[PDB]
Amino acid sequence: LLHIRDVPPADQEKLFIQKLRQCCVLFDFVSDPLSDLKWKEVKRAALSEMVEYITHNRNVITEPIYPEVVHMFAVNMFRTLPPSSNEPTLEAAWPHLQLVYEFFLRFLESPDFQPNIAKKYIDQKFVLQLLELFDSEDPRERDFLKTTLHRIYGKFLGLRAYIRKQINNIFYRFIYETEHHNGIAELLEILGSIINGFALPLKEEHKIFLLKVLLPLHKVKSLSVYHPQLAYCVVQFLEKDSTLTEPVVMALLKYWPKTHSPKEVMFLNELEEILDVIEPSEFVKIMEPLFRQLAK
Amino acid sequence: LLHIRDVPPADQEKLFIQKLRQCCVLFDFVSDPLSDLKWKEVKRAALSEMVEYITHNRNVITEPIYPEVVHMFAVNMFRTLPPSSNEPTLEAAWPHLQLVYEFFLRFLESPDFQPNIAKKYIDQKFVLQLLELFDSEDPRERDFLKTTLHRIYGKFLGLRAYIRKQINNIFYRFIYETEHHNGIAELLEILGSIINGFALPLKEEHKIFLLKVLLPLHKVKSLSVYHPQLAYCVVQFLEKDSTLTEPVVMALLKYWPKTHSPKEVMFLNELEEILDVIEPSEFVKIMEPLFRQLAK
Amino acid sequence: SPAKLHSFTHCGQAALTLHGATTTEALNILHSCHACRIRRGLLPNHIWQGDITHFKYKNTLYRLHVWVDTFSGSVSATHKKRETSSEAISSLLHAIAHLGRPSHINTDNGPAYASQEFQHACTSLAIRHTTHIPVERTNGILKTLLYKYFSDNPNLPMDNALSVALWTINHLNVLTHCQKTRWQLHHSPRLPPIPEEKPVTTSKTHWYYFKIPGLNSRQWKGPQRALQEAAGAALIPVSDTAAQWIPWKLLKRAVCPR
Amino acid sequence: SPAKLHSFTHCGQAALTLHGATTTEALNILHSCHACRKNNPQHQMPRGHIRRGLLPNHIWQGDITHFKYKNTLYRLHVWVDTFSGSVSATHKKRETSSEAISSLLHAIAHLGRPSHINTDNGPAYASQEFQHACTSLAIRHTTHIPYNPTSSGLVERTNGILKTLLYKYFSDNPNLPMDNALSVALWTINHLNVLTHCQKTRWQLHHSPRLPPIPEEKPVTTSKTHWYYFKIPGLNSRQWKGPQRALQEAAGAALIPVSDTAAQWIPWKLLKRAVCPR
Amino acid sequence: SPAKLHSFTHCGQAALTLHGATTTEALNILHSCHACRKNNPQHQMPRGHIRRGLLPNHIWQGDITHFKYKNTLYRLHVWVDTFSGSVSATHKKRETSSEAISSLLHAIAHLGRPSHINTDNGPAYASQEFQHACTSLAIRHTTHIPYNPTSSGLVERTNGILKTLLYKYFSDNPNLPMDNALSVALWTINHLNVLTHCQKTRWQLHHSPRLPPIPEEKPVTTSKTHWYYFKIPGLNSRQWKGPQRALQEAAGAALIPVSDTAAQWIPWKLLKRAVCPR
Amino acid sequence: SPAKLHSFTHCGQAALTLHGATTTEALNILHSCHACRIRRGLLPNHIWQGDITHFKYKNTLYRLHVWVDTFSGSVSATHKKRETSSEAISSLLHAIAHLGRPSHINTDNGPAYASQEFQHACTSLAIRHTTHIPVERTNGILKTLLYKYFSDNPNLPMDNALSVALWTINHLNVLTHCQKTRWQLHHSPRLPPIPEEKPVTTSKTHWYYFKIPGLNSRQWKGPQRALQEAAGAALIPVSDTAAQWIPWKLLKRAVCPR
DNA sequence: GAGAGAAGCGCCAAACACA
DNA sequence: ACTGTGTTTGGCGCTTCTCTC
DNA sequence: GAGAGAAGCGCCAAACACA
DNA sequence: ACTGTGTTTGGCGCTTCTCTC
Ligand SMILES: Cc1nnc(C(=O)NC(C)(C)c2nc(C(=O)NCc3ccc(F)cc3)c(O)c(=O)n2C)o1
Ligand SMILES: Cc1nnc(C(=O)NC(C)(C)c2nc(C(=O)NCc3ccc(F)cc3)c(O)c(=O)n2C)o1
Ligand SMILES: [Mg+2]
Ligand SMILES: [Mg+2]
Ligand SMILES: [Mg+2]
Ligand SMILES: [Mg+2]
Ligand SMILES: [Zn+2]
Ligand SMILES: [Zn+2]
Ligand SMILES: [Zn+2]
Ligand SMILES: [Zn+2]
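Top to bottom, those sequences are chains A, B, C, D, E and F. Under the UniProt record's numbering, the residues of the first sequence are numbered 27 to 112, 124 to 333, in order. Under the UniProt record's numbering, the residues of the second sequence are numbered 27 to 112, 124 to 333, in order. Under the UniProt record's numbering, the residues of the third sequence are numbered 602 to 638, 651 to 747, 756 to 879, in order. For any residue, its number in the UniProt record's numbering is found by taking its place in the fourth sequence, counting from 1, and adding 601. For any residue, its number in the UniProt record's numbering is found by taking its place in the fifth sequence, counting from 1, and adding 601. Under the UniProt record's numbering, the residues of the sixth sequence are numbered 602 to 638, 651 to 747, 756 to 879, in order.
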C-alpha cells in the first residue's frame, strides 16, 4: 500500500485501520519453511512501521480504532496450542509473534489510552483466552504474557477478582488434576506484585489463598524450577502481619519430606529467610517443634 | 527649625511652606559688612537645603505651594536698582542672590511643574518687574535673567506677544530716549533663540521688527560690546527667506559711517557672513552699489 | 557478520541467531570452528558467591577474584598477581561498581574474607557476611573461554581476554532455560507493586517550551509534550509530522495550558 | 557627508544620524564597512550541539584525563554514553594505543557494544592500531575539529564530575587506594546520583526498556552558502580574516577555504556573517 | 543511614532521599558536610560595583595600556570620569612616576580637577612622588585590592574601546602618525560617539548644567559578620580555604584573616557562605 | 587653601574669591606674591586664530602652536622642537580633540598652513581656510604664566608647566567683562530654539525596573522614574525618603503604567 | 478602491575583551 | 575604604508606505 | 476558636570548570 | 560529517502546620 506518515491526516486513520486489517491474514511457519516469503516480509515491515508510528504520535487513539486492534491480537494469538514434547523448542512463527507482542505492549502503554473504553471491548473471555496461553512452552511468550497481564490487571479495576479466582482455579487444577504445566514461574511473580500492594488489615480471602493454594504448592515434584518466586511471595505476605505466620510454619513443617532427598535443602533455604524475619516480636511459640523437626 | 526630610510626609509640605516664608526676611549687605552674621548663615543653609530637596523628590508641587514661591522671588529681587557708577562692581548680596536664582531656576524646570497653574499667579506685572531687572550692571544677574526669561517664554503661550512688544519698547527707549543700558547682549541672544524657531511663511510683524528696531540698532556708539549677538540674529532671520535680504543690505549700506573710524571693521565682518549666504540664488541686484560703497 | 563475531568471541548459537545468522548457518559455524568442536537467591543483588580461581600459564600464575549473583549468574571477575584482604575488598568494590550493592555475600573460610579489614569493609556498606567450609560451573565457563581466546592469539595482554570473556558470558551468550542473557535478566526492571483499591494511573510527562537548534531564535515556540526523556535531550514533536531530540538548554519547563 | 565622516572617524550609528542620515543609511554604512567588521570582536551566530544517540549504545564519547595522587600521574580513560550518560572509567599509568583499546574493551564489557564512537584527535586515537581494533568490532570512529574541546562537551563535563568526587573522597582518607576510590565513585555516579533534569539515574536510563524504536533521520542540509569572516580555532587572532565563501555549511560548522589550496572546517562560534561583494 | 551513606559516598540530595530522609534532613546533611563545600567550585554571592562619583570631576579611574605600532611599544595613560565617562589619553615611551604625573596634569587641563582618584596598585602609582603630586593638588588617592582587575572595570573597558578605534584607523593608513590617530580617536569618543544607555555623548554629560546638587551619603554598614570559605585573589586554587570569621564586611568585600597574623580584603566573588561551627 | 592654589598656579583674584578666599585676603595674597607684584567670531567653534610662538630658554628654543577661539578666548597649545606642515596638522588635531571641530580657521602665510598637505587635511574635515599677511594678547598671557612657573621651579620638564598654564587660563582665571571662565563660556550649552505656535513641552524621563545592589536578589521591585541619568548609573528613588544611583546592569527599561 | 507585502525604525539579550 | 563594564549585533515586534486584483 | 508565623518543599538562573 | 554541557546553590513562591489573643 503506502506509508502511513506520507498521507494527509484526514484519512491517515483510515490507512492505519487498513494496515491493521492487513495483519489479520495468517501465515504458517511449521507447515513448510518456504512459503509466501514476500508476504511474510511485507507483514513484518508493516508491523514494524505501525509500532514505530504508534509510539511517536499523540491523539491518534480514537473509538473506531479500539475494538479491532484487540481483534487483530485475537486473530494472531488465540489459537490451539502446539502438541507437547516435554533445551526447549522455539516457535517457528516467533518473528511475527514478537512484532505483534511488542506492538500490543506499546499500545497498552500509550498515554492517550483510556481505561474506560476497553470495558466494552476487553472482557472475561479475552482474559481466559489470554491466560490459557500461559501453558506455552516458549519462554518468550510467557515473559511477554507476564508483562502484558500485569499491565492489564493494573489498569483495569473491574476484572481483578475474576483473575484472582481464575488463577486459584488453575492452581487447583495444576496441583490436583494435571501436573503438566510450565507457566508457573511467571504467575507467582505477578502474584507477588499484587501481594506487595496490599493494605492493613489483610482480607481473610488472602488468608484462604495462602492456606489453600499457596502453601500446598510445595508438595509438587517440579518445585525446583520455580522455588525462588514462590518463596518471594510468602515473604511478601508475612511482612504485612507477623501474627499470621504460625500457620505458615506449621504447614511448612508438615510438607517436609521425612526421608532423605536432594530436595530438602531448598526447604532449609526458605526457613532461613523466614528466620531472618521471625526472630523479632518474640516468636518462640513454635521454635521448639521447629527445632525438633529440624534435628531429625 | 528642623530639617524638611526628617519629618513625616503628612506635614512635610507645611514645613516647606514655613521655610519658604523664612526667606521672606531681607538682609542688607551694603549697609555694613558685619550685621546679623548667624541669620545670614542660617538663611544660606535653608536655601541650599530647600533647593537640594526640590530636585530629588517628585509629586511635591501642589497648588498651595504655587503662589507664595513667586512671592518669595518678588520679595528678594523686585527692588530699586543700585545707583549707576559706569572692571564692573559686584553686588554685595550676591551669595543669597545666587542661591535664590538657582532655586527658582530648578523650580521652573521641575518635571511636576504645571504650566496651567501659573496663569493665575504669574502675569504681566511679574513680566515687567523681571524685565526691568535686566538693567543691572551685574553680569551674573543678567546671565541668570537670560536663562530664566528663556524658560518662561518657552513654557507659557499667552505671554509671548506681550514680551515681544515690551522688548520692542525697550529697544525704542534705548536707541532714542536714553543710551544708558547694559543688558543688551543677552536680550539679543534670547531674540535669536525665538527667531530660530520661526516657520514659513514669515509674518509681516517680524519684518517690522527687523526694519524698525533691529537694523537701526547699528547706529549706537556702544555696539562694540554686543556686535556678534546682533549679527547672529540677522543671520538667523535671512536664512528663512533670501528674498527679503535686499532691504537689509540697503539699510546696512546707509548706516555705514562715511568717515574713517575703528568701528568700520565690524561692519565689514557682518558683510562677510551675509556674503557667505547671499552669493547663491543669483543675488546681484545690489552687488554694484555695494561694491561702489565699499570702494570708498 | 556472525562469522567474525564467532571468530572473535566464540559465543553460543543463540547469540548468532539473535544476529543475522540462521539456525543452520549457526550450526555450520559451530562445526567449522576447530576450537569449538538451582537459584538459592531470591532477587538480583540479594545473595552473591565469592570464589578465588587460579589461572595457569606456561611460566606464571594468575589469581581471579570472581563474584557471581545467585539469581542471574551475572559474573564480575578481576585479575591479580597476588591475594590478600585488601585485594578482596577491591574486587568486591569493582563488583559493586558493575552490578550494585548486594544484601548478603557468601564465601569460603581463608586468610581473606575473614580478617578484621574485610569485616570492617562489609559493615560500612551494611552487607551481611556468612562463611562456610566445604558455583564452580561459572569458573569452568570462564576458564574455557580464556583458554579459547589465548589459543586464538597467544600474544594477549591478559586483560583484553578477560574483558571480552565477561562481555561474552554477560551480554552475548543466552541462558538455556529462560532464553535470556545474563545481563538482561540481571538488570531488567521488575514489576511494580499494584496498590489495592486504587487504580494504577499512567505517569504524565511534563510540558516544555522549546526552540529549534541552529537558528539563533529568541522566542519560544509554544508549549508541547515530551515523547521521551534522556540525559541531555528530550523528544519533542516539532510538528504533527516529525519529532526531534531538543537539548535541555533549549527547553523551559512549563505548566499545562488546561 | 556621513560616508566621508565615517571614512575619516569610523563613528557609530547615532553619530552618523545627527550629521544627517536616516537610520537605514547609517546602518548600511556600518554594515558595508570592512574596517568596522574586521575589528569588532562581537558576532551573532547560532550555537552547536554535539551529536546524541537515538538509543543506548549508539554514540559514545571518550577522553583522557590526568589526575595527581601520591606523586603519581594517573591517566583516566573515560567513556560516556550520549543517550543515558553512563560512565566507564579506567585508571592507567600512561596513555597508549594499547591502553586505549583495553579501556574500550573494558567499557564494552561494562556497558555494551556501541554503534559509533567519537573522540578528539588525540595521539592514541588516530593510530592504525585503534582503527583496526574498532573495525574488527564493527565500530565506526569519527574525530572532532582540532583545537575545539567544546565539541566533546559531555565527556569533558563528566571528567569534571568524576574528579570532583575523587577529591571529595581523598579529602577524608589520603591513604585510600586509587582503585577503591574510582570504584566507589563509579558506583555513586551510575547507581546513586540522579540526573538533574530527567530525575532518573544513568543506570535506569541505560537499562530502560528498549521498546521505543529508533526515530527516523534526515540527511538533507541547506543548499545555500554565504560569505564569512573567520578565525582559525588553533591560533587565536585579534581581528577576523576574510571574508570568503563557504563551500558547504552543515548544522554547526562550515567549510571555509583558508588558503588557495586547502579548505577547513570551522564551527559557528568562530564565524561572522559578511556581505556579498557583488 | 543517610548520614553514613553520605559519609561513605558523598552522594547527592536525591540519592539520600530514596534511602529514607526528608528533603530538609538531606539538605542539612549536604550543608553540614565540609568535604562537599570545600570541593564544589560553585557559590552564590552578590555582585560588586565600582564607586561612582556624584557629579563630574568627583572620582576618576586611571590605568596604563600597551599598544604595538611600528615595532615600538607605546604606553597609553588613560583617565576616565566615573560620572560622565569622559576620557583623557596620552601616549608615552615608558611607564614612570614622572609620566604618570604629566598624564594626570594633562588630564586636569583637558577635563578639570578631580576630588578623588583610584587606580590599581601599579608600580608608578604607589610611589612617594605620585602621592606628593596628588597631595599638592588636594587629590585623595586610593588603591584597589591586588590582583583584581575587575575592580577598575570602567577604565579597562575604555582601554578596549580606545584600542579598537586605533586598530580601525591603522587598518586604513599604516603610515598614519600615532598622535594624529590618538587625537582623532579622542575627538570621536568624547564628541561624536553616543553612550548606549543615556543616549548622550560623554562631553554633553561632562559640561551639563551642574545645577543638581550632590545627593547625601551614608557611611552606615552592616553590623554583623559571618564565616566564609575563601580563595586568595593572587593565586588561584582548586578548593576553598577556611572557613574563618570576618572581622568586618563592607559592600563588596570583607576582611578575612588569612593567617594568624595578617588579615586581608577579599571581594565577594571569591567568598563562599559557611555555617557557624557553634 | 587659596594660598597654596596661588603659590602653585598664580591665578587671578576672581579665582581665589570663587574658592574660600575673601576679597581682602585675595588682595593680601596678591601683594604678598613676589612674582605677581573684540570678538570677530559669532559662535563657539566658528572662527579660530592660529599662531606660532617662540619660547626662549637659556640654551634652547621651543615652538608653541597655539589655536584660540574668537568667541571665548579658549586656548589650545602644543609644544614642539621644530615646525612643519605635519606638525601644524597635529596641533590642529589636538585642538579639535580638546575643543571640537571649527567651521573656519584663520592664520598667517608661511611654509606651514599653505602647503598642499595642510589644505588636504582641512578639506577632509570640511574646514574653510583663509590666509592673511599683516590675537597676540593670549600669547602674552601664556608667556607670562610660563615664565612665572619656571621662575618658581627651574627644574620642570617643560610639559607640566604648559598643562598647568592651560588649566589656569581655561578653568581658573575669570574673564573680566562677562565674569565667567573661558571653559564655562566655551562649553556652555546654548539656548534651544523656541518653536512658534507650539508649546515647549518638558522632556519626560523613562521608567525602569530596578534591583538593590549587593543583595543577590532576583525579583525586580516595581517600576519607578529616574531623577537623573549618567554614564553607568541612573538616579532612582528607592523609597520616598532617599535615592540611590543604580547601575544600568541592574536596570530594565519599562513602560509607563498609565 | 483596499487590504496585503514591504520598507522603516527602535529595542534587546548574549557574546566579547579589557595583560 | 573594600567592589566589572560599555559596545556590537541579527532577530523580533511594530509602524508606515506602495503596488496589485 | 482562628488567622497569623513558621516549617516544609520544589523550582531556578547564574556561575563554574572540564589541559 | 562538522557542532558545549551537567551539577551546585541561596532566593523565591507556595503549601502545610502550630502556638497565641
Ligand atoms: C589538534 C590538537 N592538539 N591539541 C589540541 C588542543 O587544543 N587540545 C588541548 C586543549 C590540550 C586539549 N584539550 C582538551 C580539553 O578537554 N580541554 C579542556 C576543556 C574542555 C571543555 C571546554 F569547554 C574547555 C576546555 C582535550 O580533551 C584534549 O585532548 N586536548 C588535546 O588540539
Ligand atoms: C598586585 C599585582 N601586581 N600585578 C597584578 C595583577 O594581577 N595584574 C595584572 C593582570 C597584570 C594586571 N592587569 C590589569 C588589567 O587591566 N587586566 C586586564 C583585565 C581587565 C578587566 C578584566 F575584567 C579582566 C582582565 C592591570 O590594569 C594591571 O595593572 N595589572 C598589574 O596584581
Ligand atoms: Mg582529549
Ligand atoms: Mg578533554
Ligand atoms: Mg593596570
Ligand atoms: Mg587594566
Ligand atoms: Zn567458535
Ligand atoms: Zn567603519
Ligand atoms: Zn559530603
Ligand atoms: Zn602669585
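Where a beta carbon is used, it is the ideal one built from N, C-alpha and C, also for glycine.
Query                                                                                                                        : Result
Segment limits, alpha helix (DSSP H) that includes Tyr269/B                                                                  : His264 to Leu275
C-beta neighbour in chain F for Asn781/E, strict 9 Å                                                                         : yes
Where the alpha helix (DSSP H) containing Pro844/C begins and where it ends                                                  : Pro844/C -> not in any alpha helix (DSSP H); beta strand (DSSP E) instead, spanning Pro844 to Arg846.
Cβ of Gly654/C within 9 Å of any chain A Cβ                                                                                  : yes
Whole-Å CB distance - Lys801/F paired with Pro148/B, under 8 Å assumed                                                       : The pair is not a contact, with the Cβ atoms about 28 Å apart (cut-off 8 Å).
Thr720/D - containing beta strand (DSSP E), residue span                                                                     : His717 to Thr720
Contact between the region 267–287 of chain B and the region 235–249 of chain B (3+ Cβ pairs under 8 Å)                      : yes
Chain B residues whose Cβ lies nearer than 7 Å to that of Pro878/E                                                           : The contacting residues do not exist; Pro878/E stays about 43 Å from chain B at best.
Spatial distance of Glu316/B from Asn205/B (CA atoms)                                                                        : 31 Å
Neighbourhood of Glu850/D by C-beta distance below 7 Å, restricted to the same chain and skipping five residues each side    : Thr823 and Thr826
Among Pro816/E, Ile867/E, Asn640/E and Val756/E, nearest to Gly686/E - alpha-carbon criterion                                : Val756/E
Best match in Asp313/A, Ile154/A and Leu225/A for proximity to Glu94/A [C-alpha to C-alpha]                                  : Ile154/A
The region 618–638 of chain E contacting the region 776–784 of chain E, beta-carbon criterion three pairs below 8 Å          : no
Closer than 8 Å: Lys769/E CB and nearest ligand 8 heavy atom                                                                 : yes
For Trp828/D: DSSP bridge partner residues                                                                                   : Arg846/D
Where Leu872/E sits in the DSSP three-state scheme                                                                           : strand
Among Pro265/A, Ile323/A, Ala332/A and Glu325/A, nearest to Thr296/A - alpha-carbon criterion                                : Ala332/A
Check whether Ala847/F and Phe684/E have beta carbons under 9 Å apart                                                        : no
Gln614/F, buried or exposed, once every other Cβ within 10 Å from all chains shown has been counted against 16               : buried
Proximal residues to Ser728/D (C-beta, below 6 Å), its chain only, five neighbours per side dropped                          : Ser698
Touching by the beta-carbon criterion (3+ pairs, under 8 Å), the region 725–745 of chain D and the region 831–838 of chain D : no
Among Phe99/B, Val164/B, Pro108/B and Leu136/B, the one whose alpha carbon lies nearest that of residue 115/B                : Chain B lacks the residues between 112 and 124, and residue 115/B is one of those with no coordinates.
Terminal residues of the beta strand (DSSP E) in which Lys669/D lies                                                         : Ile660 to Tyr670
9 Å Cβ cutoff, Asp180/B in contact with chain F                                                                              : yes
Stretch-stretch touch, CB-based, cutoff 8 Å, three pairs: the region 175–184 of chain B with the region 217–224 of chain B   : yes
Assigned secondary structure, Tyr213/B (DSSP; H/G/I helix, E/B strand, else coil)                                            : helix
Where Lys769/D falls: helix, strand or coil (DSSP)                                                                           : helix
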